[PDB]
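What follows is work_37.cif (mmCIF, N, CA and C atoms).
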```
data_my_file
#
loop_
_atom_site.label_atom_id
_atom_site.label_comp_id
_atom_site.auth_asym_id
_atom_site.auth_seq_id
_atom_site.Cartn_x
_atom_site.Cartn_y
_atom_site.Cartn_z
N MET D 1 0.10 -15.20 4.17
CA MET D 1 -0.24 -14.21 3.12
C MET D 1 -1.60 -13.60 3.46
N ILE D 2 -1.67 -12.27 3.67
CA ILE D 2 -2.93 -11.54 3.97
C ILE D 2 -3.30 -10.59 2.82
N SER D 3 -4.55 -10.68 2.39
CA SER D 3 -5.24 -9.77 1.46
C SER D 3 -6.22 -8.89 2.24
N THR D 4 -6.04 -7.56 2.21
CA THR D 4 -7.02 -6.61 2.80
C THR D 4 -7.40 -5.55 1.76
N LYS D 5 -8.70 -5.49 1.45
CA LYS D 5 -9.32 -4.50 0.53
C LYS D 5 -9.42 -3.16 1.26
N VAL D 6 -9.06 -2.04 0.60
CA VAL D 6 -9.13 -0.68 1.20
C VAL D 6 -9.47 0.36 0.12
N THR D 7 -9.99 1.50 0.56
CA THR D 7 -10.23 2.71 -0.27
C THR D 7 -9.05 3.66 -0.05
N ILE D 8 -8.47 4.19 -1.13
CA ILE D 8 -7.38 5.20 -1.01
C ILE D 8 -8.06 6.52 -0.66
N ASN D 9 -7.97 6.88 0.62
CA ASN D 9 -8.53 8.14 1.16
C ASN D 9 -7.41 9.18 1.28
N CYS D 10 -6.80 9.47 0.13
CA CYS D 10 -5.65 10.38 -0.08
C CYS D 10 -6.04 11.38 -1.17
N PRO D 11 -5.75 12.70 -1.00
CA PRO D 11 -6.35 13.72 -1.87
C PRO D 11 -6.01 13.57 -3.37
N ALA D 12 -4.80 13.11 -3.72
CA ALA D 12 -4.39 12.87 -5.11
C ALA D 12 -4.04 11.39 -5.31
N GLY D 13 -4.66 10.49 -4.55
CA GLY D 13 -4.32 9.05 -4.58
C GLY D 13 -2.85 8.80 -4.30
N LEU D 14 -2.21 7.87 -5.01
CA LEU D 14 -0.78 7.56 -4.81
C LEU D 14 0.04 8.42 -5.74
N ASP D 15 0.12 9.70 -5.43
CA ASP D 15 1.00 10.65 -6.15
C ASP D 15 2.38 10.53 -5.52
N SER D 16 3.28 11.45 -5.87
CA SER D 16 4.68 11.46 -5.41
C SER D 16 4.74 11.43 -3.88
N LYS D 17 4.00 12.31 -3.23
CA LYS D 17 4.09 12.48 -1.75
C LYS D 17 3.58 11.21 -1.08
N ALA D 18 2.39 10.74 -1.45
CA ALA D 18 1.78 9.56 -0.80
C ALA D 18 2.59 8.30 -1.14
N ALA D 19 3.07 8.15 -2.38
CA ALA D 19 3.86 6.95 -2.75
C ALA D 19 5.17 6.97 -1.96
N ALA D 20 5.85 8.11 -1.89
CA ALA D 20 7.15 8.23 -1.20
C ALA D 20 6.97 7.89 0.29
N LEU D 21 5.91 8.39 0.92
CA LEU D 21 5.64 8.12 2.35
C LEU D 21 5.37 6.63 2.55
N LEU D 22 4.61 5.99 1.65
CA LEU D 22 4.35 4.53 1.74
C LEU D 22 5.69 3.80 1.67
N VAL D 23 6.57 4.16 0.74
CA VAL D 23 7.88 3.46 0.60
C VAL D 23 8.65 3.59 1.93
N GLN D 24 8.69 4.78 2.53
CA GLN D 24 9.39 5.02 3.82
C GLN D 24 8.78 4.15 4.93
N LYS D 25 7.45 4.18 5.06
CA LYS D 25 6.70 3.47 6.13
C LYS D 25 6.96 1.97 6.02
N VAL D 26 7.05 1.45 4.79
CA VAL D 26 7.03 0.00 4.46
C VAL D 26 8.40 -0.65 4.73
N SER D 27 9.49 0.12 4.79
CA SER D 27 10.86 -0.34 5.14
C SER D 27 10.95 -0.80 6.60
N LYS D 28 9.97 -0.43 7.43
CA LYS D 28 9.93 -0.79 8.88
C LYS D 28 9.50 -2.27 9.03
N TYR D 29 8.99 -2.91 7.97
CA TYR D 29 8.42 -4.28 8.03
C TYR D 29 9.36 -5.27 7.35
N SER D 30 9.37 -6.51 7.84
CA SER D 30 10.14 -7.63 7.25
C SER D 30 9.33 -8.26 6.10
N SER D 31 8.01 -8.21 6.17
CA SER D 31 7.08 -8.76 5.15
C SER D 31 7.34 -8.14 3.78
N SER D 32 7.23 -8.96 2.74
CA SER D 32 6.95 -8.53 1.36
C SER D 32 5.58 -7.87 1.34
N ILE D 33 5.47 -6.72 0.68
CA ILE D 33 4.20 -5.95 0.59
C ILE D 33 3.99 -5.49 -0.85
N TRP D 34 2.80 -5.74 -1.38
CA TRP D 34 2.36 -5.37 -2.74
C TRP D 34 1.00 -4.69 -2.64
N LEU D 35 0.71 -3.79 -3.57
CA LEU D 35 -0.64 -3.22 -3.80
C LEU D 35 -1.15 -3.73 -5.15
N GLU D 36 -2.45 -3.94 -5.25
CA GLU D 36 -3.07 -4.43 -6.49
C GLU D 36 -4.26 -3.53 -6.80
N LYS D 37 -4.29 -3.00 -8.02
CA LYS D 37 -5.48 -2.28 -8.54
C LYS D 37 -5.93 -3.03 -9.81
N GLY D 38 -7.03 -3.77 -9.73
CA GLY D 38 -7.49 -4.66 -10.81
C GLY D 38 -6.40 -5.64 -11.16
N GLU D 39 -5.79 -5.50 -12.34
CA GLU D 39 -4.68 -6.38 -12.81
C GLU D 39 -3.35 -5.63 -12.74
N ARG D 40 -3.33 -4.38 -12.27
CA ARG D 40 -2.06 -3.64 -12.04
C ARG D 40 -1.58 -3.97 -10.62
N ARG D 41 -0.27 -4.15 -10.46
CA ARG D 41 0.37 -4.71 -9.25
C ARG D 41 1.69 -3.97 -9.05
N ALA D 42 2.07 -3.67 -7.82
CA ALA D 42 3.39 -3.10 -7.51
C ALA D 42 3.85 -3.54 -6.12
N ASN D 43 5.16 -3.72 -6.00
CA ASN D 43 5.86 -3.84 -4.71
C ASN D 43 5.84 -2.47 -4.01
N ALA D 44 5.39 -2.41 -2.76
CA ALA D 44 5.20 -1.16 -1.98
C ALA D 44 6.55 -0.53 -1.61
N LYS D 45 7.64 -1.28 -1.80
CA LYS D 45 9.03 -0.78 -1.61
C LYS D 45 9.51 -0.04 -2.86
N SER D 46 8.74 -0.05 -3.95
CA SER D 46 9.16 0.56 -5.25
C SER D 46 8.35 1.83 -5.53
N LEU D 47 9.00 2.99 -5.42
CA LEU D 47 8.38 4.29 -5.76
C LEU D 47 7.88 4.22 -7.20
N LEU D 48 8.72 3.71 -8.10
CA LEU D 48 8.36 3.61 -9.53
C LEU D 48 7.13 2.72 -9.72
N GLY D 49 7.12 1.54 -9.10
CA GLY D 49 5.97 0.61 -9.19
C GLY D 49 4.70 1.25 -8.67
N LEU D 50 4.76 1.87 -7.50
CA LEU D 50 3.59 2.52 -6.87
C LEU D 50 3.04 3.60 -7.82
N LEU D 51 3.91 4.47 -8.29
CA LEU D 51 3.52 5.57 -9.21
C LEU D 51 2.87 5.00 -10.48
N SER D 52 3.39 3.89 -10.99
CA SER D 52 2.95 3.26 -12.27
C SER D 52 1.54 2.72 -12.13
N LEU D 53 1.09 2.45 -10.92
CA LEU D 53 -0.28 1.95 -10.63
C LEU D 53 -1.32 2.95 -11.13
N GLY D 54 -1.00 4.25 -11.12
CA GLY D 54 -2.01 5.29 -11.44
C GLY D 54 -3.20 5.25 -10.48
N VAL D 55 -2.96 5.13 -9.17
CA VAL D 55 -4.03 5.12 -8.13
C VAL D 55 -4.48 6.56 -7.87
N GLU D 56 -5.75 6.83 -8.08
CA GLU D 56 -6.39 8.15 -7.82
C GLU D 56 -7.16 8.06 -6.50
N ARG D 57 -7.56 9.21 -5.97
CA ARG D 57 -8.43 9.37 -4.78
C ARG D 57 -9.61 8.40 -4.87
N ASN D 58 -9.91 7.66 -3.79
CA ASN D 58 -11.11 6.79 -3.64
C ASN D 58 -11.01 5.48 -4.42
N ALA D 59 -9.83 5.15 -4.97
CA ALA D 59 -9.64 3.88 -5.71
C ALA D 59 -9.77 2.73 -4.71
N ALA D 60 -10.42 1.65 -5.12
CA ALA D 60 -10.47 0.38 -4.36
C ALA D 60 -9.19 -0.38 -4.68
N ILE D 61 -8.44 -0.75 -3.66
CA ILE D 61 -7.06 -1.31 -3.78
C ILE D 61 -7.02 -2.53 -2.87
N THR D 62 -6.17 -3.50 -3.18
CA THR D 62 -5.92 -4.66 -2.30
C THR D 62 -4.49 -4.53 -1.80
N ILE D 63 -4.29 -4.63 -0.49
CA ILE D 63 -2.96 -4.67 0.16
C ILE D 63 -2.64 -6.14 0.42
N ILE D 64 -1.53 -6.62 -0.13
CA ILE D 64 -1.08 -8.02 0.04
C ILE D 64 0.20 -7.99 0.86
N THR D 65 0.17 -8.61 2.04
CA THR D 65 1.32 -8.72 2.98
C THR D 65 1.66 -10.20 3.14
N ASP D 66 2.96 -10.50 3.29
CA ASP D 66 3.48 -11.88 3.35
C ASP D 66 4.81 -11.87 4.10
N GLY D 67 4.83 -12.42 5.31
CA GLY D 67 6.03 -12.50 6.17
C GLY D 67 5.68 -12.47 7.64
N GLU D 68 6.69 -12.41 8.50
CA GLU D 68 6.56 -12.57 9.97
C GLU D 68 5.56 -11.53 10.51
N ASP D 69 5.61 -10.26 10.05
CA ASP D 69 4.78 -9.15 10.58
C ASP D 69 3.56 -8.87 9.67
N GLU D 70 3.11 -9.83 8.87
CA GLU D 70 2.16 -9.59 7.75
C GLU D 70 0.82 -9.00 8.24
N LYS D 71 0.37 -9.33 9.45
CA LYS D 71 -0.93 -8.83 9.99
C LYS D 71 -0.76 -7.38 10.47
N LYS D 72 0.33 -7.10 11.18
CA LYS D 72 0.67 -5.73 11.63
C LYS D 72 0.76 -4.81 10.40
N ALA D 73 1.55 -5.18 9.38
CA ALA D 73 1.74 -4.40 8.13
C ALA D 73 0.38 -4.11 7.50
N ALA D 74 -0.48 -5.13 7.37
CA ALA D 74 -1.81 -5.02 6.73
C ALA D 74 -2.69 -4.00 7.47
N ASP D 75 -2.69 -4.01 8.80
CA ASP D 75 -3.52 -3.11 9.64
C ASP D 75 -3.01 -1.67 9.52
N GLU D 76 -1.70 -1.48 9.62
CA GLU D 76 -1.07 -0.14 9.65
C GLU D 76 -1.12 0.48 8.24
N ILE D 77 -0.96 -0.30 7.17
CA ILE D 77 -1.05 0.24 5.77
C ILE D 77 -2.50 0.67 5.53
N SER D 78 -3.49 -0.14 5.92
CA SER D 78 -4.94 0.19 5.76
C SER D 78 -5.25 1.48 6.53
N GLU D 79 -4.72 1.61 7.74
CA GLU D 79 -4.92 2.82 8.58
C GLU D 79 -4.31 4.00 7.83
N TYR D 80 -3.09 3.89 7.32
CA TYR D 80 -2.38 4.98 6.60
C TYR D 80 -3.29 5.47 5.45
N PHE D 81 -4.00 4.56 4.78
CA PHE D 81 -4.79 4.87 3.56
C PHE D 81 -6.21 5.30 3.90
N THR D 82 -6.67 5.21 5.14
CA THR D 82 -8.04 5.69 5.49
C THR D 82 -7.95 6.96 6.32
N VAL D 83 -6.97 7.08 7.24
CA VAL D 83 -6.93 8.12 8.31
C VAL D 83 -5.78 9.10 8.03
N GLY D 84 -4.62 8.62 7.57
CA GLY D 84 -3.56 9.46 6.96
C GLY D 84 -2.17 8.89 7.17
#
```

Let me see whether you can do it: turn the structure in this file into structure tokens.
Amino acid sequence: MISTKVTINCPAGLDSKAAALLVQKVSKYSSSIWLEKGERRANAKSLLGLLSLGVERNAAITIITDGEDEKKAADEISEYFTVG
């Protein structure tokens, strides 16, 4: 189980476009993947869960990965949220 803290460097945070792209990207991994904002939590495979987080631009978020590829998933999700 890996916890990595990141800043959402996305113009409208996790809006429809950014949440939908995360859901697509995250299907490539075998690991369970969740995002956490304070006490709000969502499975990264759930468009509805991601949207319900209400993540805005520059929000501090925790990426939680758990499974065979958990370190790869953690690095690539953090990269997606800082660089694009």

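When only C-alpha atoms are used to measure the gap to residue D:37, the shortest distance among D:54, D:49, D:13, D:67 belongs to D:54.
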
Tell me, as a PyMOL selection string, which residues lie within 7 Å of residue D:53, counting all atoms listed in the file; anything in the same chain fewer than 3 positions away does not count. chain D and resi 37+40-42+48-50+56

Going by DSSP on the backbone, which residues of chain D come out as alpha helix (DSSP H)? List them as an NGL selection string. :D and (16-26 or 47-52 or 70-82)

Using all atoms listed in the file, which protein or nucleic acid residues come within 8 Å of residue D:74? Drop anything in the same chain fewer than 2 positions from it, and give the result as a list in words. residues 2, 3, 4, 63, 64, 65, 66, 69, 70, 71, 72, 76, 77, 78, 79 and 80 of chain D

Sel. of strand (DSSP E or B) residues, chain D, as a PyMOL selection string: chain D and resi 2-7+32-37+40-43+60-66

Same residues, N, CA and C atoms, output as an mmCIF file, in the coordinates of the input:
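Result went into result_3.cif, see below:
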```
data_model
loop_
_atom_site.group_PDB
_atom_site.id
_atom_site.type_symbol
_atom_site.label_atom_id
_atom_site.label_comp_id
_atom_site.auth_asym_id
_atom_site.auth_seq_id
_atom_site.Cartn_x
_atom_site.Cartn_y
_atom_site.Cartn_z
ATOM 1 N N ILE D 2 -1.670 -12.270 3.670
ATOM 2 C CA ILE D 2 -2.930 -11.540 3.970
ATOM 3 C C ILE D 2 -3.300 -10.590 2.820
ATOM 4 N N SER D 3 -4.550 -10.680 2.390
ATOM 5 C CA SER D 3 -5.240 -9.770 1.460
ATOM 6 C C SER D 3 -6.220 -8.890 2.240
ATOM 7 N N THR D 4 -6.040 -7.560 2.210
ATOM 8 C CA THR D 4 -7.020 -6.610 2.800
ATOM 9 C C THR D 4 -7.400 -5.550 1.760
ATOM 10 N N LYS D 5 -8.700 -5.490 1.450
ATOM 11 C CA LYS D 5 -9.320 -4.500 0.530
ATOM 12 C C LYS D 5 -9.420 -3.160 1.260
ATOM 13 N N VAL D 6 -9.060 -2.040 0.600
ATOM 14 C CA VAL D 6 -9.130 -0.680 1.200
ATOM 15 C C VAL D 6 -9.470 0.360 0.120
ATOM 16 N N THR D 7 -9.990 1.500 0.560
ATOM 17 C CA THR D 7 -10.230 2.710 -0.270
ATOM 18 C C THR D 7 -9.050 3.660 -0.050
ATOM 19 N N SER D 32 7.230 -8.960 2.740
ATOM 20 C CA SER D 32 6.950 -8.530 1.360
ATOM 21 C C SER D 32 5.580 -7.870 1.340
ATOM 22 N N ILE D 33 5.470 -6.720 0.680
ATOM 23 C CA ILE D 33 4.200 -5.950 0.590
ATOM 24 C C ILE D 33 3.990 -5.490 -0.850
ATOM 25 N N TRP D 34 2.800 -5.740 -1.380
ATOM 26 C CA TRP D 34 2.360 -5.370 -2.740
ATOM 27 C C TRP D 34 1.000 -4.690 -2.640
ATOM 28 N N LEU D 35 0.710 -3.790 -3.570
ATOM 29 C CA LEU D 35 -0.640 -3.220 -3.800
ATOM 30 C C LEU D 35 -1.150 -3.730 -5.150
ATOM 31 N N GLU D 36 -2.450 -3.940 -5.250
ATOM 32 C CA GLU D 36 -3.070 -4.430 -6.490
ATOM 33 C C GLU D 36 -4.260 -3.530 -6.800
ATOM 34 N N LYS D 37 -4.290 -3.000 -8.020
ATOM 35 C CA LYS D 37 -5.480 -2.280 -8.540
ATOM 36 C C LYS D 37 -5.930 -3.030 -9.810
ATOM 37 N N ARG D 40 -3.330 -4.380 -12.270
ATOM 38 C CA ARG D 40 -2.060 -3.640 -12.040
ATOM 39 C C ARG D 40 -1.580 -3.970 -10.620
ATOM 40 N N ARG D 41 -0.270 -4.150 -10.460
ATOM 41 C CA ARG D 41 0.370 -4.710 -9.250
ATOM 42 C C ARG D 41 1.690 -3.970 -9.050
ATOM 43 N N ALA D 42 2.070 -3.670 -7.820
ATOM 44 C CA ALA D 42 3.390 -3.100 -7.510
ATOM 45 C C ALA D 42 3.850 -3.540 -6.120
ATOM 46 N N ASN D 43 5.160 -3.720 -6.000
ATOM 47 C CA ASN D 43 5.860 -3.840 -4.710
ATOM 48 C C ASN D 43 5.840 -2.470 -4.010
ATOM 49 N N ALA D 60 -10.420 1.650 -5.120
ATOM 50 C CA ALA D 60 -10.470 0.380 -4.360
ATOM 51 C C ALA D 60 -9.190 -0.380 -4.680
ATOM 52 N N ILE D 61 -8.440 -0.750 -3.660
ATOM 53 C CA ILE D 61 -7.060 -1.310 -3.780
ATOM 54 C C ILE D 61 -7.020 -2.530 -2.870
ATOM 55 N N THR D 62 -6.170 -3.500 -3.180
ATOM 56 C CA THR D 62 -5.920 -4.660 -2.300
ATOM 57 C C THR D 62 -4.490 -4.530 -1.800
ATOM 58 N N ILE D 63 -4.290 -4.630 -0.490
ATOM 59 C CA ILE D 63 -2.960 -4.670 0.160
ATOM 60 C C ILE D 63 -2.640 -6.140 0.420
ATOM 61 N N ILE D 64 -1.530 -6.620 -0.130
ATOM 62 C CA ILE D 64 -1.080 -8.020 0.040
ATOM 63 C C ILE D 64 0.200 -7.990 0.860
ATOM 64 N N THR D 65 0.170 -8.610 2.040
ATOM 65 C CA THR D 65 1.320 -8.720 2.980
ATOM 66 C C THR D 65 1.660 -10.200 3.140
ATOM 67 N N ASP D 66 2.960 -10.500 3.290
ATOM 68 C CA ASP D 66 3.480 -11.880 3.350
ATOM 69 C C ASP D 66 4.810 -11.870 4.100
#
```

If the PyMOL selection byres ((chain D and resi 19-30) around 6.5) is run on the structure shown, which residues does it catch, given as a PyMOL selection string? chain D and resi 13-18+31-32+44-47+50-51+66-69

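One distance worth recording is that between atom CA of residue D:39 and atom CA of residue D:58, which is 17.3 Å.
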
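Put simply, atom CA of residue D:84 is 25.1 Å away from atom N of residue D:1.
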